[PDB]
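Quick notes on the structure that follows.
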Amino acid sequence: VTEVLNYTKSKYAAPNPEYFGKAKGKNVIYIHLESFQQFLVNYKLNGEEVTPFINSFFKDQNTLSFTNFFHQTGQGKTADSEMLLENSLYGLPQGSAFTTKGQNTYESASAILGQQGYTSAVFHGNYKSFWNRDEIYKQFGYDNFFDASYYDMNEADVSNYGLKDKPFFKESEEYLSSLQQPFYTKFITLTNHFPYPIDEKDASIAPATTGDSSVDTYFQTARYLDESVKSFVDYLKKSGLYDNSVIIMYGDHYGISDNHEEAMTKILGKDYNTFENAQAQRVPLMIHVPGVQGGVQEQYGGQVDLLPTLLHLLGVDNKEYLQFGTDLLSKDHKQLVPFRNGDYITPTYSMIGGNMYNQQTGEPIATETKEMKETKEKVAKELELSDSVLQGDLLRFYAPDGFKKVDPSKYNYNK
Ligand SMILES: [Mg+2]
């Protein structure tokens, strides 16, 4: 109740002077890389790079790239990722939080940044009823929701899950250019979605040769996404948004489940056991902050840490908000990444499937020490306190002093 707030502050990580406020006043552009796993980065299928542009964006001067960034989603899949990004809250242990907690009071990024005059918007090539986004986005405080109704949904431009990504970015330039700055936006892509079907040739790369169809055509839809993103970034550079915004590319969750051990063994080269599968849960995080020296960031982290990381870059102190994540650029950030099912990843030891593993060598640890038991309970506590917020709707009874709550009745996403 006030218990959650006490845990939050004690966990709070002070801003890093080198990165604090360096992007204050800038726009924010989230690029949602659907089902995009980190191992795809710099991966070469039969000689050539699978995702060439993203690989270059990864190496760029002004790009903070994360190699130990893990997704913390559950049965909510993509919805849970949004929950982690917007509120720094975990999803439910079971089922989707978006569907059952659409009535809850939230104090999300749209609301927090809205306090400074930011304009909110979400772009998605599918209808707003999907994942109950239409309802819960109002509680988040998203000013605009550009769903499928704002796009040309002809049969040739539409896959199984909605509008293809290349038309999606192309057609959304109209809306983004006329959106009041400064803004806070997120572009949810669709094409790279299981079982990853692509008809030739939207595709521009040969499929893998493992014998597993869903795994083989994954690399094809990944490049289709890569090509469309490049086209979108090219637009951002022409319109000047590229220098005036913070571009953040991230993955929401895994792309290949653990029911493809044989194929994944050929892909990664090593045996795809339970350990290597947990390591495969890495998803990309690339933060392009204009006029800031970037580089590879190997500190361990999760999606829960994304919002407080962004806030510190924008020069916004979030000490008083109910957020379970910490600033990734902070030196006080502790490298501990909880999974939804109770598991966790630390640089030294990791619990996977309830069993202990050496994170660095992959070899099982027979006996469990105190510190391995201690962090196990720290993780369970964090997950429980997060559920306490969702299950009890605790944000009705709390808010930071200067903060103003959202009136969801004042939002309409229809045209
Ligand atoms: Mg997804």
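In the structure tokens, chains take letters A, B, ... by order of appearance, with residues numbered from 1 within each chain and ligands from 1 in the order shown.
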
Run DSSP on the backbone and give me the residues of stretch 278-392 of chain A it puts in alpha helix (DSSP H), as a compact mmCIF listing (two decimals) with N, CA and C atoms, in the first residue's frame.
# COMPACT_ATOMS: atom_id res chain seq x y z
N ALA A 278 17.37 -19.36 -22.30
CA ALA A 278 17.18 -18.21 -21.42
C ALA A 278 18.05 -17.05 -21.89
N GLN A 279 19.22 -17.37 -22.42
CA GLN A 279 20.13 -16.36 -22.95
C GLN A 279 19.58 -15.77 -24.24
N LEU A 306 13.42 0.50 -18.56
CA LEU A 306 13.46 1.35 -19.74
C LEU A 306 12.90 2.75 -19.47
N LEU A 307 11.74 2.81 -18.83
CA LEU A 307 11.11 4.10 -18.54
C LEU A 307 11.96 5.01 -17.65
N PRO A 308 12.46 4.51 -16.50
CA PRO A 308 13.29 5.42 -15.69
C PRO A 308 14.59 5.81 -16.39
N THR A 309 15.04 4.99 -17.33
CA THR A 309 16.23 5.32 -18.11
C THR A 309 15.94 6.48 -19.05
N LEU A 310 14.78 6.42 -19.69
CA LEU A 310 14.34 7.47 -20.60
C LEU A 310 14.09 8.78 -19.87
N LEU A 311 13.48 8.70 -18.69
CA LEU A 311 13.13 9.88 -17.92
C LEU A 311 14.36 10.68 -17.51
N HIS A 312 15.42 9.98 -17.12
CA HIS A 312 16.65 10.64 -16.71
C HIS A 312 17.34 11.32 -17.89
N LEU A 313 17.21 10.72 -19.07
CA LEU A 313 17.75 11.32 -20.29
C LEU A 313 17.01 12.61 -20.63
N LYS A 370 23.51 -18.80 -0.15
CA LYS A 370 22.65 -17.79 0.47
C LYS A 370 22.29 -16.68 -0.50
N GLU A 371 23.31 -16.13 -1.16
CA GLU A 371 23.13 -15.00 -2.07
C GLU A 371 22.27 -15.39 -3.26
N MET A 372 22.35 -16.66 -3.66
CA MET A 372 21.51 -17.18 -4.73
C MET A 372 20.07 -17.31 -4.24
N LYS A 373 19.93 -17.59 -2.95
CA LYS A 373 18.62 -17.70 -2.32
C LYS A 373 18.08 -16.31 -1.98
N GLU A 374 18.98 -15.40 -1.63
CA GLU A 374 18.61 -14.05 -1.24
C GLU A 374 18.02 -13.26 -2.40
N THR A 375 18.69 -13.30 -3.55
CA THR A 375 18.23 -12.57 -4.72
C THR A 375 16.97 -13.21 -5.29
N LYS A 376 16.82 -14.52 -5.07
CA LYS A 376 15.62 -15.23 -5.49
C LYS A 376 14.38 -14.66 -4.80
N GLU A 377 14.54 -14.30 -3.53
CA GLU A 377 13.44 -13.76 -2.75
C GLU A 377 13.26 -12.26 -2.99
N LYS A 378 14.35 -11.57 -3.31
CA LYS A 378 14.25 -10.17 -3.71
C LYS A 378 13.43 -10.06 -4.99
N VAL A 379 13.66 -11.00 -5.90
CA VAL A 379 12.97 -11.04 -7.18
C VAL A 379 11.48 -11.32 -6.99
N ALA A 380 11.16 -12.30 -6.16
CA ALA A 380 9.78 -12.68 -5.90
C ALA A 380 9.02 -11.54 -5.22
N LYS A 381 9.71 -10.80 -4.36
CA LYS A 381 9.13 -9.67 -3.66
C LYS A 381 8.75 -8.57 -4.64
N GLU A 382 9.68 -8.27 -5.55
CA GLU A 382 9.46 -7.24 -6.56
C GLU A 382 8.27 -7.58 -7.45
N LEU A 383 8.17 -8.84 -7.85
CA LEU A 383 7.08 -9.29 -8.70
C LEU A 383 5.74 -9.23 -7.96
N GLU A 384 5.78 -9.50 -6.66
CA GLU A 384 4.56 -9.49 -5.85
C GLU A 384 4.07 -8.06 -5.62
N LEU A 385 5.00 -7.16 -5.30
CA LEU A 385 4.65 -5.76 -5.08
C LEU A 385 4.12 -5.11 -6.36
N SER A 386 4.57 -5.61 -7.50
CA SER A 386 4.09 -5.12 -8.79
C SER A 386 2.65 -5.58 -9.03
N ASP A 387 2.36 -6.82 -8.66
CA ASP A 387 1.01 -7.35 -8.77
C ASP A 387 0.09 -6.64 -7.79
N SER A 388 0.64 -6.25 -6.64
CA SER A 388 -0.12 -5.53 -5.63
C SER A 388 -0.71 -4.24 -6.20
N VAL A 389 0.04 -3.60 -7.08
CA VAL A 389 -0.41 -2.37 -7.72
C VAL A 389 -1.56 -2.66 -8.68
N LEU A 390 -1.39 -3.68 -9.52
CA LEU A 390 -2.40 -4.02 -10.52
C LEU A 390 -3.66 -4.62 -9.90
N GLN A 391 -3.48 -5.58 -9.00
CA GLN A 391 -4.61 -6.28 -8.40
C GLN A 391 -5.42 -5.37 -7.48
N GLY A 392 -4.74 -4.46 -6.79
CA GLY A 392 -5.39 -3.59 -5.83
C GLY A 392 -5.68 -2.20 -6.37

Q. If you count only C-alpha atoms, which residues fall within 7 Å of stretch 326-330 of chain A, apart from same-chain ones fewer than 5 positions away, as a PyMOL selection string?
A. chain A and resi 12-16+301+305+308-309

Given a cut-off of 9 Å, what residues near ligand 1 show up using only C-alpha atoms and all ligand atoms, put as a PDB file with N, CA and C atoms, in the first residue's frame?
ATOM      1  N   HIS A  32       9.094  -0.074 -32.207  1.00  0.00           N
ATOM      2  CA  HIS A  32       8.779  -1.397 -31.686  1.00  0.00           C
ATOM      3  C   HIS A  32       9.164  -2.490 -32.677  1.00  0.00           C
ATOM      4  N   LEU A  33      10.264  -3.181 -32.399  1.00  0.00           N
ATOM      5  CA  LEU A  33      10.705  -4.280 -33.247  1.00  0.00           C
ATOM      6  C   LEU A  33      10.012  -5.575 -32.842  1.00  0.00           C
ATOM      7  N   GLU A  34       8.917  -5.886 -33.529  1.00  0.00           N
ATOM      8  CA  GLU A  34       8.076  -7.030 -33.189  1.00  0.00           C
ATOM      9  C   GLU A  34       8.832  -8.354 -33.238  1.00  0.00           C
ATOM     10  N   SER A  35       8.804  -9.078 -32.120  1.00  0.00           N
ATOM     11  CA  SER A  35       9.388 -10.416 -32.014  1.00  0.00           C
ATOM     12  C   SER A  35      10.849 -10.458 -32.453  1.00  0.00           C
ATOM     13  N   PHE A  36      11.574  -9.381 -32.175  1.00  0.00           N
ATOM     14  CA  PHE A  36      12.953  -9.238 -32.630  1.00  0.00           C
ATOM     15  C   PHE A  36      13.935  -9.599 -31.522  1.00  0.00           C
ATOM     16  N   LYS A  77       2.286 -11.146 -23.685  1.00  0.00           N
ATOM     17  CA  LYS A  77       3.117 -10.994 -24.879  1.00  0.00           C
ATOM     18  C   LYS A  77       3.488  -9.538 -25.157  1.00  0.00           C
ATOM     19  N   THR A  78       2.962  -9.002 -26.257  1.00  0.00           N
ATOM     20  CA  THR A  78       3.246  -7.632 -26.680  1.00  0.00           C
ATOM     21  C   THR A  78       2.651  -6.611 -25.714  1.00  0.00           C
ATOM     22  N   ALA A  79       1.476  -6.929 -25.181  1.00  0.00           N
ATOM     23  CA  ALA A  79       0.792  -6.052 -24.238  1.00  0.00           C
ATOM     24  C   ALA A  79       1.614  -5.845 -22.968  1.00  0.00           C
ATOM     25  N   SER A  81       4.824  -5.968 -22.723  1.00  0.00           N
ATOM     26  CA  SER A  81       5.965  -5.123 -23.060  1.00  0.00           C
ATOM     27  C   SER A  81       5.581  -3.651 -22.982  1.00  0.00           C
ATOM     28  N   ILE A 188       4.189   0.618 -33.216  1.00  0.00           N
ATOM     29  CA  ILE A 188       4.091  -0.833 -33.101  1.00  0.00           C
ATOM     30  C   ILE A 188       4.032  -1.491 -34.480  1.00  0.00           C
ATOM     31  N   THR A 189       5.046  -2.289 -34.799  1.00  0.00           N
ATOM     32  CA  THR A 189       5.081  -3.007 -36.071  1.00  0.00           C
ATOM     33  C   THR A 189       4.290  -4.311 -35.968  1.00  0.00           C
ATOM     34  N   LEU A 190       4.098  -4.984 -37.099  1.00  0.00           N
ATOM     35  CA  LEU A 190       3.207  -6.141 -37.147  1.00  0.00           C
ATOM     36  C   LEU A 190       3.740  -7.331 -37.940  1.00  0.00           C
ATOM     37  N   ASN A 192       6.645  -8.911 -38.604  1.00  0.00           N
ATOM     38  CA  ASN A 192       7.485  -9.941 -38.001  1.00  0.00           C
ATOM     39  C   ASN A 192       6.762 -10.668 -36.868  1.00  0.00           C
ATOM     40  N   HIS A 193       5.752 -11.455 -37.223  1.00  0.00           N
ATOM     41  CA  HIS A 193       4.902 -12.108 -36.234  1.00  0.00           C
ATOM     42  C   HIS A 193       4.698 -13.583 -36.570  1.00  0.00           C
ATOM     43  N   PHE A 194       4.835 -14.447 -35.564  1.00  0.00           N
ATOM     44  CA  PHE A 194       4.674 -15.893 -35.737  1.00  0.00           C
ATOM     45  C   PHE A 194       3.370 -16.229 -36.463  1.00  0.00           C
ATOM     46  N   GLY A 251      13.063  -4.627 -28.761  1.00  0.00           N
ATOM     47  CA  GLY A 251      12.260  -5.810 -29.005  1.00  0.00           C
ATOM     48  C   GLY A 251      11.284  -6.005 -27.861  1.00  0.00           C
ATOM     49  N   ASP A 252      10.129  -6.593 -28.146  1.00  0.00           N
ATOM     50  CA  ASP A 252       9.109  -6.776 -27.119  1.00  0.00           C
ATOM     51  C   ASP A 252       9.250  -8.117 -26.412  1.00  0.00           C
ATOM     52  N   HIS A 253       9.458  -9.176 -27.186  1.00  0.00           N
ATOM     53  CA  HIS A 253       9.648 -10.506 -26.623  1.00  0.00           C
ATOM     54  C   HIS A 253      10.354 -11.419 -27.617  1.00  0.00           C
ATOM     55  N   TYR A 254      10.483 -12.693 -27.259  1.00  0.00           N
ATOM     56  CA  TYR A 254      11.195 -13.648 -28.098  1.00  0.00           C
ATOM     57  C   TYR A 254      10.477 -13.862 -29.426  1.00  0.00           C
ATOM     58  N   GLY A 255      11.216 -14.357 -30.412  1.00  0.00           N
ATOM     59  CA  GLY A 255      10.655 -14.656 -31.713  1.00  0.00           C
ATOM     60  C   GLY A 255      10.562 -16.151 -31.949  1.00  0.00           C
TER      61      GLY A 255
END

Could you pull out all residues of stretch 52-272 of chain A with a DSSP call of strand (DSSP E) and give them as a tab-separated table (two decimals) with C-alpha atoms, in the first residue's frame?
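Output contents, as saved in out-v5.tsv:
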chain	number	residue	atom	x	y	z
A	63	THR	CA	23.71	5.04	-30.23
A	64	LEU	CA	23.70	3.50	-26.76
A	65	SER	CA	23.46	-0.20	-27.59
A	66	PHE	CA	22.62	-2.90	-25.05
A	69	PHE	CA	18.92	-6.44	-22.38
A	70	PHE	CA	16.21	-8.98	-21.54
A	119	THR	CA	1.97	15.28	-27.01
A	120	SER	CA	1.23	11.54	-26.99
A	121	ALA	CA	0.57	9.25	-29.96
A	122	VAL	CA	0.59	5.54	-30.84
A	123	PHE	CA	0.89	4.12	-34.35
A	124	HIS	CA	-0.27	0.59	-35.15
A	144	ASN	CA	-3.80	10.04	-30.06
A	145	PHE	CA	-4.15	6.46	-31.25
A	146	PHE	CA	-3.59	6.03	-34.98
A	183	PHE	CA	5.91	14.64	-28.59
A	184	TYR	CA	6.07	11.09	-27.21
A	185	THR	CA	5.39	8.41	-29.82
A	186	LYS	CA	5.53	4.65	-30.25
A	187	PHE	CA	5.33	2.74	-33.53
A	188	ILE	CA	4.09	-0.83	-33.10
A	245	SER	CA	14.29	13.25	-31.32
A	246	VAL	CA	15.50	10.35	-29.21
A	247	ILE	CA	15.10	7.24	-31.35
A	248	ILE	CA	14.69	4.04	-29.35
A	249	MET	CA	14.57	0.64	-31.05
A	250	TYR	CA	13.58	-2.26	-28.82
A	251	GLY	CA	12.26	-5.81	-29.00

Q | Interatomic distance, atom CA of residue A:263 to atom CA of residue A:58 (Å, one decimal) | A | 26.2 Å

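Our summary of the geometry notes that atom CA of residue A:116 is positioned 27.8 Å from atom CA of residue A:1.
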
Q: Please provide the set of residues having any atom within 10 Å of residue A:367, restricted to only C-alpha atoms, with same-chain residues fewer than 3 positions apart removed, written as a VMD selection string.
A: chain A and resid 355 to 356 364 372

Keeping N, CA and C atoms, export the residues of the selection given above as an mmCIF file, in the first residue's frame.
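Listing of again_35.cif after writing:
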data_model
loop_
_atom_site.group_PDB
_atom_site.id
_atom_site.type_symbol
_atom_site.label_atom_id
_atom_site.label_comp_id
_atom_site.auth_asym_id
_atom_site.auth_seq_id
_atom_site.Cartn_x
_atom_site.Cartn_y
_atom_site.Cartn_z
ATOM 1 N N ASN A 355 16.249 -23.812 -11.316
ATOM 2 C CA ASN A 355 17.557 -24.399 -11.049
ATOM 3 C C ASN A 355 18.674 -23.380 -11.247
ATOM 4 N N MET A 356 19.820 -23.621 -10.621
ATOM 5 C CA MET A 356 20.910 -22.650 -10.639
ATOM 6 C C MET A 356 21.943 -22.934 -11.724
ATOM 7 N N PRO A 364 25.669 -26.077 -14.680
ATOM 8 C CA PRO A 364 24.740 -26.131 -13.544
ATOM 9 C C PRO A 364 25.437 -26.040 -12.191
ATOM 10 N N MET A 372 22.351 -16.660 -3.660
ATOM 11 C CA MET A 372 21.511 -17.182 -4.730
ATOM 12 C C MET A 372 20.072 -17.310 -4.243
#

Q) Which residue out of A:244, A:10, A:204, A:2 has the minimum interatomic distance to residue A:23 when only C-alpha atoms are used? A) A:244

(Q) Between A:275, A:393, A:61, A:399, which residue has the minimum interatomic distance to residue A:102, considering only C-alpha atoms? (A)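 Closest candidate: A:393.
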
Q: Select, from A:396, A:128, A:223, A:230, the residue with the minimum atom-to-atom distance to residue A:414, counting only C-alpha atoms.
A: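 That would be A:128, the residue with the smallest distance to residue A:414.
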
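Nearest residue to residue A:198, choosing from A:210, A:293, A:220, A:177 and counting only C-alpha atoms: A:220.
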
Selection: 9 Å around residue A:150, only C-alpha atoms, excl. self and same-chain fewer than 4 positions, as a PDB file with N, CA, C and O atoms, in the first residue's frame:
ATOM      1  N   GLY A 125      -0.653  -0.721 -37.161  1.00  0.00           N
ATOM      2  CA  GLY A 125      -1.358  -1.127 -38.365  1.00  0.00           C
ATOM      3  C   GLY A 125      -2.492  -2.107 -38.132  1.00  0.00           C
ATOM      4  O   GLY A 125      -2.827  -2.899 -39.013  1.00  0.00           O
ATOM      5  N   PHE A 146      -3.425   6.240 -33.553  1.00  0.00           N
ATOM      6  CA  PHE A 146      -3.590   6.026 -34.984  1.00  0.00           C
ATOM      7  C   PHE A 146      -3.625   4.534 -35.304  1.00  0.00           C
ATOM      8  O   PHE A 146      -2.598   3.931 -35.610  1.00  0.00           O
ATOM      9  N   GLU A 171       2.897   5.442 -44.733  1.00  0.00           N
ATOM     10  CA  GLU A 171       1.622   6.145 -44.639  1.00  0.00           C
ATOM     11  C   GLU A 171       1.492   6.970 -43.361  1.00  0.00           C
ATOM     12  O   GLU A 171       0.635   7.849 -43.271  1.00  0.00           O
ATOM     13  N   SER A 172       2.339   6.691 -42.375  1.00  0.00           N
ATOM     14  CA  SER A 172       2.246   7.369 -41.085  1.00  0.00           C
ATOM     15  C   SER A 172       3.106   8.630 -41.031  1.00  0.00           C
ATOM     16  O   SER A 172       3.104   9.347 -40.029  1.00  0.00           O
ATOM     17  N   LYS A 415     -12.187   8.712 -35.882  1.00  0.00           N
ATOM     18  CA  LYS A 415     -12.055   9.790 -36.855  1.00  0.00           C
ATOM     19  C   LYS A 415     -13.408  10.129 -37.473  1.00  0.00           C
ATOM     20  O   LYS A 415     -14.120  11.009 -36.988  1.00  0.00           O
TER      21      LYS A 415
END
